[PDB]
Each structure stands twice: as structure tokens, then as C-alpha cells.
């Protein structure tokens, strides 16, 4: 019996809307578990997101299941989706990001 992916720290995900002062770090987390161990990837505005096009790139951590962006700027505004998948199943969550002048 393998197990579809599930969130391991739901309580940590509750702050869905993030209104961040320009210059601060935003950290988005989607801790999951499953068998086999799920993979995580991020979308921005529905598009695969690697941070090739943002100043400073991103930190990714499969270890922490997190997306980390330092020095947020206006063009960072958007919707960030974490897709957690394994052979068995699929789960997704959205964080909303705003950046304050």
C-alpha cells in the first residue's frame, strides 16, 4: 500500500494571503508526505516557475518543501501554486502575494 500525498503541517499553511513590504523575504511552505516520497514544483500565475526571470532567483528546498524569495519587488506580485505529486495522487495549494510600496 503506497499513500497519495498529504499536507503534514496544514496549520502552517493558513496564512494564504501575503502582503509583503518591498525588500522583505517571503517564504511559502507546502510540507507534504506520501509514498513514494512526493515531488514538489511551483507555478506562478499558472506557469512553471524557476525564478530564471526574477532578480536574485529563488531558493528551492525539497528538504523544507518551501519557496523562498528575497528582496520582493512589484513584479513578484501574483499567485504561487505548489504542486505536490507522486504515482498515487496529486495535491495543490495557492498562496496570494502582494508587494507593498
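Numbering follows the first chain given and starts at 1.
The stretch with the higher mean CA B factor, choosing between 57-65 and 36-44, is 57-65. Remark: residue 84 belongs to the lowest third of its chain, ranked by C-alpha B-factor as recorded. For residue 97, the recorded CA temperature factor ranks within the lowest third of the chain's modelled residues. Among all modelled residues in this chain, the alpha-carbon of residue 20 has a temperature factor (C-alpha) in the highest third. In this PDB entry, residue 30 carries a Cα temperature factor that places it within the middle third of its chain's modelled residues.
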